[PDB]
$ cat my_file-v8.pdb   # PDB, C-alpha atoms (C1' of nucleotides) and all ligand atoms
MODEL        1
ATOM      1  CA  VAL A   1     188.112 156.335  28.288
ATOM      2  CA  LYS A   2     187.688 160.111  28.522
ATOM      3  CA  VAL A   3     190.675 161.961  29.971
ATOM      4  CA  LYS A   4     188.570 164.725  31.535
ATOM      5  CA  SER A   5     184.855 165.098  32.210
ATOM      6  CA  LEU A   6     183.475 168.094  34.098
ATOM      7  CA  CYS A   7     180.274 169.381  35.649
ATOM      8  CA  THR A   8     180.103 173.005  36.811
ATOM      9  CA  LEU A   9     177.527 174.589  39.131
ATOM     10  CA  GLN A  10     177.025 178.242  40.063
ATOM     11  CA  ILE A  11     176.810 179.010  43.789
ATOM     12  CA  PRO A  12     174.437 181.837  44.831
ATOM     13  CA  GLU A  13     175.658 184.733  46.966
ATOM     14  CA  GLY A  14     174.108 183.673  50.273
ATOM     15  CA  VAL A  15     175.294 180.056  50.285
ATOM     16  CA  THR A  16     178.858 178.795  50.776
ATOM     17  CA  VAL A  17     179.910 175.305  49.650
ATOM     18  CA  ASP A  18     182.864 173.563  51.307
ATOM     19  CA  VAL A  19     184.366 170.252  50.166
ATOM     20  CA  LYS A  20     186.935 168.183  52.066
ATOM     21  CA  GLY A  21     187.580 164.534  51.248
ATOM     22  CA  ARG A  22     184.435 164.160  49.104
ATOM     23  CA  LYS A  23     182.318 165.435  52.025
ATOM     24  CA  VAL A  24     180.202 168.398  50.916
ATOM     25  CA  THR A  25     178.773 170.945  53.352
ATOM     26  CA  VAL A  26     176.545 173.792  52.163
ATOM     27  CA  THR A  27     176.001 176.549  54.728
ATOM     28  CA  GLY A  28     173.753 179.549  54.223
ATOM     29  CA  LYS A  29     170.721 181.167  55.771
ATOM     30  CA  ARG A  30     167.937 178.933  57.081
ATOM     31  CA  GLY A  31     170.365 176.159  58.003
ATOM     32  CA  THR A  32     173.274 173.931  57.029
ATOM     33  CA  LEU A  33     173.318 170.696  55.016
ATOM     34  CA  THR A  34     175.966 167.983  54.737
ATOM     35  CA  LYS A  35     176.388 165.064  52.332
ATOM     36  CA  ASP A  36     178.873 162.186  52.432
ATOM     37  CA  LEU A  37     179.969 161.253  48.902
ATOM     38  CA  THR A  38     183.058 159.217  49.791
ATOM     39  CA  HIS A  39     181.666 156.307  47.738
ATOM     40  CA  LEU A  40     181.937 158.262  44.476
ATOM     41  CA  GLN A  41     185.676 158.959  43.959
ATOM     42  CA  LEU A  42     185.478 162.207  41.993
ATOM     43  CA  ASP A  43     187.516 165.425  42.006
ATOM     44  CA  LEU A  44     185.466 168.129  43.741
ATOM     45  CA  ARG A  45     186.734 171.716  43.624
ATOM     46  CA  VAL A  46     185.192 174.964  44.844
ATOM     47  CA  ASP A  47     186.242 178.354  43.481
ATOM     48  CA  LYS A  48     185.099 180.834  46.124
ATOM     49  CA  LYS A  49     186.064 183.948  44.154
ATOM     50  CA  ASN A  50     184.078 182.858  41.087
ATOM     51  CA  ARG A  51     181.446 181.006  43.178
ATOM     52  CA  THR A  52     181.731 177.776  41.191
ATOM     53  CA  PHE A  53     181.526 174.116  42.209
ATOM     54  CA  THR A  54     183.271 171.754  39.790
ATOM     55  CA  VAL A  55     183.173 167.953  39.792
ATOM     56  CA  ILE A  56     185.689 166.154  37.569
ATOM     57  CA  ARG A  57     186.229 162.553  36.474
ATOM     58  CA  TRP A  58     189.638 161.584  35.070
ATOM     59  CA  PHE A  59     189.961 158.604  32.708
ATOM     60  CA  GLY A  60     186.374 157.489  33.221
ATOM     61  CA  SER A  61     183.991 155.164  31.414
ATOM     62  CA  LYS A  62     180.234 155.678  31.070
ATOM     63  CA  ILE A  63     179.483 154.233  34.521
ATOM     64  CA  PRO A  64     181.911 156.559  36.389
ATOM     65  CA  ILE A  65     180.892 159.506  34.195
ATOM     66  CA  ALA A  66     177.214 159.014  35.085
ATOM     67  CA  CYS A  67     177.971 160.148  38.657
ATOM     68  CA  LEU A  68     179.055 163.685  37.693
ATOM     69  CA  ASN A  69     175.519 164.903  37.018
ATOM     70  CA  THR A  70     174.210 163.024  40.061
ATOM     71  CA  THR A  71     176.722 164.832  42.286
ATOM     72  CA  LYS A  72     175.882 168.159  40.642
ATOM     73  CA  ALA A  73     172.161 167.571  41.205
ATOM     74  CA  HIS A  74     172.766 166.598  44.836
ATOM     75  CA  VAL A  75     174.753 169.776  45.485
ATOM     76  CA  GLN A  76     172.119 171.853  43.677
ATOM     77  CA  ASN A  77     169.412 170.249  45.825
ATOM     78  CA  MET A  78     171.324 171.062  49.011
ATOM     79  CA  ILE A  79     171.832 174.657  47.835
ATOM     80  CA  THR A  80     168.122 174.987  47.030
ATOM     81  CA  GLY A  81     167.130 173.513  50.388
ATOM     82  CA  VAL A  82     169.501 175.778  52.302
ATOM     83  CA  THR A  83     168.226 178.834  50.422
ATOM     84  CA  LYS A  84     164.462 178.319  50.039
ATOM     85  CA  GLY A  85     163.723 174.949  51.671
ATOM     86  CA  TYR A  86     161.319 172.248  50.520
ATOM     87  CA  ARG A  87     157.585 171.847  51.122
ATOM     88  CA  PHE A  88     155.585 168.743  50.210
ATOM     89  CA  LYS A  89     151.788 168.905  50.389
ATOM     90  CA  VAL A  90     149.996 165.560  50.620
ATOM     91  CA  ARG A  91     146.230 165.141  50.478
ATOM     92  CA  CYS A  92     143.987 162.419  51.877
ATOM     93  CA  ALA A  93     141.636 161.203  49.142
ATOM     94  CA  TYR A  94     138.768 158.881  50.027
ATOM     95  CA  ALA A  95     135.471 157.707  48.557
ATOM     96  CA  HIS A  96     133.330 156.615  51.526
ATOM     97  CA  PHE A  97     135.306 156.433  54.788
ATOM     98  CA  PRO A  98     136.936 159.709  55.890
ATOM     99  CA  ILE A  99     140.644 159.303  56.616
ATOM    100  CA  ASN A 100     141.246 160.952  59.992
ATOM    101  CA  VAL A 101     144.834 162.193  60.342
ATOM    102  CA  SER A 102     146.007 163.582  63.687
ATOM    103  CA  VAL A 103     149.381 165.331  63.871
ATOM    104  CA  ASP A 104     151.105 165.650  67.235
ATOM    105  CA  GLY A 105     154.680 166.824  67.689
ATOM    106  CA  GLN A 106     156.601 164.811  65.070
ATOM    107  CA  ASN A 107     153.893 162.117  65.226
ATOM    108  CA  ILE A 108     151.240 161.241  62.635
ATOM    109  CA  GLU A 109     148.297 158.943  63.379
ATOM    110  CA  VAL A 110     145.997 157.763  60.584
ATOM    111  CA  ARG A 111     142.624 156.237  61.467
ATOM    112  CA  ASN A 112     139.577 154.968  59.573
ATOM    113  CA  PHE A 113     141.451 154.275  56.340
ATOM    114  CA  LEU A 114     138.852 152.215  54.436
ATOM    115  CA  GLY A 115     137.013 151.684  57.722
ATOM    116  CA  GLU A 116     139.885 149.778  59.322
ATOM    117  CA  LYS A 117     140.200 149.739  63.106
ATOM    118  CA  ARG A 118     144.006 149.648  62.909
ATOM    119  CA  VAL A 119     145.825 152.907  63.675
ATOM    120  CA  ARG A 120     148.829 153.769  61.498
ATOM    121  CA  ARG A 121     151.585 155.624  63.358
ATOM    122  CA  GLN A 122     154.521 157.444  61.768
ATOM    123  CA  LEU A 123     157.422 159.154  63.545
ATOM    124  CA  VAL A 124     158.942 162.117  61.690
ATOM    125  CA  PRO A 125     162.602 163.066  62.299
ATOM    126  CA  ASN A 126     163.317 166.375  64.007
ATOM    127  CA  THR A 127     164.847 167.690  60.769
ATOM    128  CA  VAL A 128     161.429 167.568  59.042
ATOM    129  CA  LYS A 129     158.454 169.536  60.377
ATOM    130  CA  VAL A 130     154.972 168.095  59.820
ATOM    131  CA  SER A 131     151.836 170.231  60.042
ATOM    132  CA  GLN A 132     148.161 169.883  59.156
ATOM    133  CA  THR A 133     146.357 172.549  57.150
ATOM    134  CA  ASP A 134     143.072 173.581  58.723
ATOM    135  CA  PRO A 135     140.044 172.223  56.812
ATOM    136  CA  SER A 136     138.649 175.714  56.153
ATOM    137  CA  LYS A 137     141.408 176.393  53.613
ATOM    138  CA  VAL A 138     141.982 172.918  52.129
ATOM    139  CA  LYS A 139     140.549 169.626  53.371
ATOM    140  CA  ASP A 140     142.787 166.845  54.760
ATOM    141  CA  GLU A 141     146.149 168.312  53.759
ATOM    142  CA  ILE A 142     149.433 167.502  55.519
ATOM    143  CA  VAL A 143     152.521 169.637  54.877
ATOM    144  CA  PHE A 144     156.112 168.444  55.307
ATOM    145  CA  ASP A 145     158.778 171.156  55.530
ATOM    146  CA  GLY A 146     162.549 170.862  55.601
ATOM    147  CA  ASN A 147     165.932 171.734  54.162
ATOM    148  CA  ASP A 148     166.798 168.226  52.913
ATOM    149  CA  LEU A 149     164.812 167.182  49.847
ATOM    150  CA  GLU A 150     165.647 163.518  50.467
ATOM    151  CA  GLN A 151     164.317 163.936  54.016
ATOM    152  CA  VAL A 152     161.167 165.992  53.175
ATOM    153  CA  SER A 153     160.349 163.285  50.591
ATOM    154  CA  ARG A 154     160.509 159.686  51.972
ATOM    155  CA  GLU A 155     158.377 161.083  54.857
ATOM    156  CA  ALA A 156     155.654 161.959  52.297
ATOM    157  CA  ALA A 157     156.231 158.440  50.847
ATOM    158  CA  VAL A 158     156.209 156.477  54.162
ATOM    159  CA  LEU A 159     152.835 158.221  54.638
ATOM    160  CA  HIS A 160     151.639 157.224  51.166
ATOM    161  CA  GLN A 161     152.994 153.678  51.491
ATOM    162  CA  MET A 162     151.398 152.963  54.873
ATOM    163  CA  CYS A 163     147.893 153.679  53.516
ATOM    164  CA  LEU A 164     147.823 151.124  50.703
ATOM    165  CA  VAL A 165     144.695 149.230  49.662
ATOM    166  CA  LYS A 166     145.170 145.476  50.079
ATOM    167  CA  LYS A 167     143.316 142.464  48.647
ATOM    168  CA  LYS A 168     141.103 144.816  46.606
ATOM    169  CA  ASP A 169     140.935 146.308  43.143
ATOM    170  CA  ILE A 170     143.214 149.333  42.860
ATOM    171  CA  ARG A 171     141.464 150.663  39.753
ATOM    172  CA  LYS A 172     138.501 150.895  42.083
ATOM    173  CA  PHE A 173     139.198 151.890  45.697
ATOM    174  CA  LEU A 174     141.431 154.806  44.734
ATOM    175  CA  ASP A 175     141.640 156.178  48.283
ATOM    176  CA  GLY A 176     144.961 156.942  49.919
ATOM    177  CA  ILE A 177     147.364 159.733  50.808
ATOM    178  CA  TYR A 178     148.901 161.270  47.697
ATOM    179  CA  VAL A 179     151.561 163.938  47.203
ATOM    180  CA  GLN A 180     149.865 166.718  45.233
ATOM    181  CA  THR A 181     152.281 169.676  45.142
ATOM    182  CA  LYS A 182     156.032 169.807  45.739
ATOM    183  CA  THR A 183     157.368 173.320  46.297
ATOM    184  CA  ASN A 184     159.540 175.457  48.587
ATOM    185  CA  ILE A 185     158.870 177.370  51.800
ATOM    186  CA  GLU A 186     160.676 180.657  51.033
TER     187      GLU A 186
ATOM    188  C1'   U B   1     136.697  73.807  98.147
ATOM    189  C1'   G B   2     140.340  71.226 101.105
ATOM    190  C1'   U B   3     143.022  71.134 105.872
ATOM    191  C1'   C B   4     145.145  71.866 111.400
ATOM    192  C1'   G B   5     139.343  67.954 116.269
ATOM    193  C1'   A B   6     135.657  72.694 116.737
ATOM    194  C1'   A B   7     135.963  78.004 117.825
ATOM    195  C1'   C B   8     140.048  81.497 117.423
ATOM    196  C1'   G B   9     144.221  81.982 114.364
ATOM    197  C1'   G B  10     144.918  80.849 110.090
ATOM    198  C1'   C B  11     146.684  77.981 105.968
ATOM    199  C1'   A B  12     146.798  75.371 100.458
ATOM    200  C1'   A B  13     144.315  76.494  95.609
ATOM    201  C1'   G B  14     152.084  79.231  91.873
ATOM    202  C1'   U B  15     148.255  86.460  94.382
ATOM    203  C1'   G B  16     141.593  80.768  95.089
ATOM    204  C1'   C B  17     137.931  84.332  94.046
ATOM    205  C1'   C B  18     134.757  88.990  95.001
ATOM    206  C1'   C B  19     134.201  94.264  96.954
ATOM    207  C1'   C B  20     136.357  98.627  98.612
ATOM    208  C1'   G B  21     141.406 100.458  98.913
ATOM    209  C1'   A B  22     146.202 104.273 100.553
ATOM    210  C1'   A B  23     150.873 105.783  98.688
ATOM    211  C1'   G B  24     153.338 105.788  94.237
ATOM    212  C1'   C B  25     153.069 105.815  89.053
ATOM    213  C1'   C B  26     150.094 107.563  85.287
ATOM    214  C1'   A B  27     145.752 110.018  81.016
ATOM    215  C1'   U B  28     144.754 115.818  75.744
ATOM    216  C1'   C B  29     140.868 110.430  80.303
ATOM    217  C1'   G B  30     143.138 115.271  84.394
ATOM    218  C1'   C B  31     146.033 120.070  85.017
ATOM    219  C1'   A B  32     149.987 124.110  84.029
ATOM    220  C1'   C B  33     153.142 126.732  80.712
ATOM    221  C1'   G B  34     154.861 127.685  75.489
ATOM    222  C1'   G B  35     158.766 135.399  74.644
ATOM    223  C1'   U B  36     162.295 139.086  71.349
ATOM    224  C1'   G B  37     165.149 141.775  67.793
ATOM    225  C1'   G B  38     167.764 142.130  63.288
ATOM    226  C1'   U B  39     169.434 141.035  58.157
ATOM    227  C1'   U B  40     167.213 140.605  53.879
ATOM    228  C1'   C B  41     163.870 137.975  49.341
ATOM    229  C1'   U B  42     159.742 139.208  46.289
ATOM    230  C1'   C B  43     157.715 143.733  45.749
ATOM    231  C1'   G B  44     156.585 148.781  46.051
ATOM    232  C1'   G B  45     158.841 153.409  46.633
ATOM    233  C1'   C B  46     162.666 158.025  47.419
ATOM    234  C1'   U B  47     166.478 161.011  45.494
ATOM    235  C1'   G B  48     168.837 160.677  40.750
ATOM    236  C1'   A B  49     172.073 160.458  36.304
ATOM    237  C1'   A B  50     173.396 158.085  32.091
ATOM    238  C1'   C B  51     170.220 159.991  27.782
ATOM    239  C1'   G B  52     169.249 168.944  27.722
ATOM    240  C1'   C B  53     163.476 164.768  28.892
ATOM    241  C1'   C B  54     162.572 160.468  31.324
ATOM    242  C1'   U B  55     163.476 156.697  34.638
ATOM    243  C1'   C B  56     162.980 152.309  42.030
ATOM    244  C1'   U B  57     169.405 152.170  40.107
ATOM    245  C1'   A B  58     173.435 153.140  38.263
ATOM    246  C1'   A B  59     176.148 155.740  42.872
ATOM    247  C1'   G B  60     173.121 156.284  46.736
ATOM    248  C1'   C B  61     168.489 155.591  49.852
ATOM    249  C1'   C B  62     163.418 153.954  52.450
ATOM    250  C1'   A B  63     160.244 150.266  53.624
ATOM    251  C1'   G B  64     159.904 145.192  53.671
ATOM    252  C1'   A B  65     158.328 137.107  53.818
ATOM    253  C1'   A B  66     155.792 131.818  58.135
ATOM    254  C1'   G B  67     162.566 132.408  54.647
ATOM    255  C1'   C B  68     167.495 133.541  57.203
ATOM    256  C1'   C B  69     170.576 135.263  61.628
ATOM    257  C1'   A B  70     171.008 136.473  66.698
ATOM    258  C1'   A B  71     168.248 136.918  71.731
ATOM    259  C1'   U B  72     165.237 133.556  74.988
ATOM    260  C1'   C B  73     165.652 128.101  75.505
ATOM    261  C1'   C B  74     168.813 122.805  75.900
ATOM    262  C1'   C B  75     174.229 120.835  76.145
ATOM    263  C1'   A B  76     178.372 123.118  77.130
ATOM    264  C1'   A B  77     186.501 124.780  78.097
ATOM    265  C1'   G B  78     189.652 119.092  73.494
ATOM    266  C1'   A B  79     186.888 126.369  73.415
ATOM    267  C1'   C B  80     192.376 123.262  77.379
ATOM    268  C1'   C B  81     188.877 130.139  80.676
ATOM    269  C1'   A B  82     196.205 134.417  82.752
ATOM    270  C1'   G B  83     187.358 133.987  85.004
ATOM    271  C1'   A B  84     186.721 134.890  90.302
ATOM    272  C1'   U B  85     187.085 132.655  94.860
ATOM    273  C1'   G B  86     187.584 128.947 100.126
ATOM    274  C1'   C B  87     191.223 126.149 102.574
ATOM    275  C1'   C B  88     195.974 123.618 102.919
ATOM    276  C1'   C B  89     200.829 122.826 100.606
ATOM    277  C1'   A B  90     205.015 124.267  97.649
ATOM    278  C1'   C B  91     207.783 128.597  96.577
ATOM    279  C1'   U B  92     209.060 132.531  99.096
TER     280        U B  92
HETATM  281  K     K C   1     139.186  99.015  92.239
HETATM  282 MG    MG C   2     146.124  81.761 101.449
HETATM  283 MG    MG C   3     150.277  71.398 102.438
ENDMDL
END
$ encode --input "my_file-v8.pdb" --output "structure tokens"
Amino acid sequence: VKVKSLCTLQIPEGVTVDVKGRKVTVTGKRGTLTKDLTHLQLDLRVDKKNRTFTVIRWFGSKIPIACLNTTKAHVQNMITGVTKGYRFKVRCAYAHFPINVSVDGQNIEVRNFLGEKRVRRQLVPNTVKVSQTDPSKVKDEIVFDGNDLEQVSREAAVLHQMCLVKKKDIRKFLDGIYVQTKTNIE
RNA sequence: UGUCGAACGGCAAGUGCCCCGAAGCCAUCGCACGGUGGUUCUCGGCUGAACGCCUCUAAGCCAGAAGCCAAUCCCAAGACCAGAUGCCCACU
């Protein structure tokens, strides 16, 4: 076993990270994010003066050590979301039948996917904002915006996964809703 | 057909036989009715290390089978209900 294993992250000036009982909360401009990591059993320290977030594993094997970088990446993702946010752009690609997507408040309705008469409905949580880009700029583009990367994604995936071609060749019939660009909003 | 003398009333033929027949019973031979959530498989994904990259996983996640579990439905306290009540009586 390894007596000490560390992972250190640098906290920007705007954001403040607070840890208490393996419960991380990152608060800055644009919002506040919270993660529960009580299943991990690591030593999480925050140096406010030096703006550092350290995660330590004492007497750990490879399996416990593998969680240090995962925790560091999670905290980095929350810092990035609190600072600049996350924006996922998905595009409706089709060969013959146009895929008509209507976006109400937190509601997405997909119609005429491969000519089907069934309407696909998706409810988006209030923490993720869904919009539709007007066709003059880019055709059939839906934008998901939010602080949580794990919440901005998943929504873009429940939209991709609901429009799946069934009982047909997937080399042919390439139509669907695909995530094209992942970026930020600020 | 027999038989009370005939008619009437019947009667015997272990319900004499034939036709129609209520009520009841009964026929996919008639008619009515036959519901809802979860947890998950397989799978496909998300975020993400190990392993500066990668990766559905490894810690987490998301979806998700006529399986499975509950609801509904049938029996139900030896499931010993200090559930609630109506009257007496005992105690008081
Ligand atoms: K008859
Ligand atoms: Mg007779
Ligand atoms: Mg006689």
$ resolve_selection --input "my_file-v8.pdb" --expression "the PyMOL selection byres (((chain A and resi 164) around 9) and not hetatm)" --output "MDAnalysis selection string"
chainID A and resid 160:163 165:166 175:177
$ atom_distance --input "my_file-v8.pdb" --atom1 "atom CA of residue A:156" --atom2 "atom CA of residue A:70"
22.3 Å
$ resolve_selection --input "my_file-v8.pdb" --expression "the PyMOL selection byres ((chain B) within 10 of (chain A))" --output "ChimeraX atom specification"
/B:44-50,58-63
$ residues_near_ligand --input "my_file-v8.pdb" --ligand "ligand K 1 (chain C)" --cutoff "9 Å" --atoms "all atoms listed in the file" --output "ChimeraX atom specification"
/B:19-21
$ closest_atom_pairs --input "my_file-v8.pdb" --of "chain B" --to "ligand MG 2 (chain C)" --cutoff "10 Å" --atoms "all atoms listed in the file" --output "JSON lines"
{"residue": "B:10", "atom": "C1'", "partner": "C:MG2", "partner_atom": "MG", "distance": 8.8}
{"residue": "B:11", "atom": "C1'", "partner": "C:MG2", "partner_atom": "MG", "distance": 5.9}
{"residue": "B:12", "atom": "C1'", "partner": "C:MG2", "partner_atom": "MG", "distance": 6.5}
{"residue": "B:13", "atom": "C1'", "partner": "C:MG2", "partner_atom": "MG", "distance": 8.1}
{"residue": "B:15", "atom": "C1'", "partner": "C:MG2", "partner_atom": "MG", "distance": 8.8}
{"residue": "B:16", "atom": "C1'", "partner": "C:MG2", "partner_atom": "MG", "distance": 7.9}
$ atom_distance --input "my_file-v8.pdb" --atom1 "atom CA of residue A:83" --atom2 "atom CA of residue A:46"
18.3 Å
$ resolve_selection --input "my_file-v8.pdb" --expression "the PyMOL selection byres (((chain A and resi 22-29) around 9) and not hetatm)" --output "number ranges by chain"
A: 14-21, 30-44, 75, 78-79, 82-84
$ closest_residue --input "my_file-v8.pdb" --among "A:182, A:2, A:120, A:129" --to "residue A:60" --atoms "all atoms listed in the file"
A:2
$ atom_distance --input "my_file-v8.pdb" --atom1 "atom CA of residue A:132" --atom2 "atom CA of residue A:103"
6.7 Å
$ closest_residue --input "my_file-v8.pdb" --among "A:13, A:98, A:49, A:7" --to "residue A:140" --atoms "all atoms listed in the file"
A:98
$ residues_near_point --input "my_file-v8.pdb" --point "(154.3, 169.7, 44.2)" --cutoff "12 Å" --atoms "all atoms listed in the file" --output "ChimeraX atom specification"
/A:86-91,143-144,152-153,156,178-185
$ write_last_selection --input "my_file-v8.pdb" --atoms "C-alpha atoms" --output "compact mmCIF listing (two decimals), in the frame of the given file"
# COMPACT_ATOMS: atom_id res chain seq x y z
CA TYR A 86 161.32 172.25 50.52
CA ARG A 87 157.58 171.85 51.12
CA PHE A 88 155.58 168.74 50.21
CA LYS A 89 151.79 168.90 50.39
CA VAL A 90 150.00 165.56 50.62
CA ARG A 91 146.23 165.14 50.48
CA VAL A 143 152.52 169.64 54.88
CA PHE A 144 156.11 168.44 55.31
CA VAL A 152 161.17 165.99 53.18
CA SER A 153 160.35 163.28 50.59
CA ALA A 156 155.65 161.96 52.30
CA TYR A 178 148.90 161.27 47.70
CA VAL A 179 151.56 163.94 47.20
CA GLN A 180 149.86 166.72 45.23
CA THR A 181 152.28 169.68 45.14
CA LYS A 182 156.03 169.81 45.74
CA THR A 183 157.37 173.32 46.30
CA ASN A 184 159.54 175.46 48.59
CA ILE A 185 158.87 177.37 51.80
$ residues_around --input "my_file-v8.pdb" --residues "residue B:38" --least-positions-apart "5" --cutoff "12 Å" --atoms "all atoms listed in the file" --output "list in words"
residues 68, 69, 70 and 71 of chain B
$ residues_around --input "my_file-v8.pdb" --residues "residue B:73" --least-positions-apart "2" --cutoff "12 Å" --atoms "all atoms listed in the file" --output "list in words"
residues 34, 35, 71 and 75 of chain B
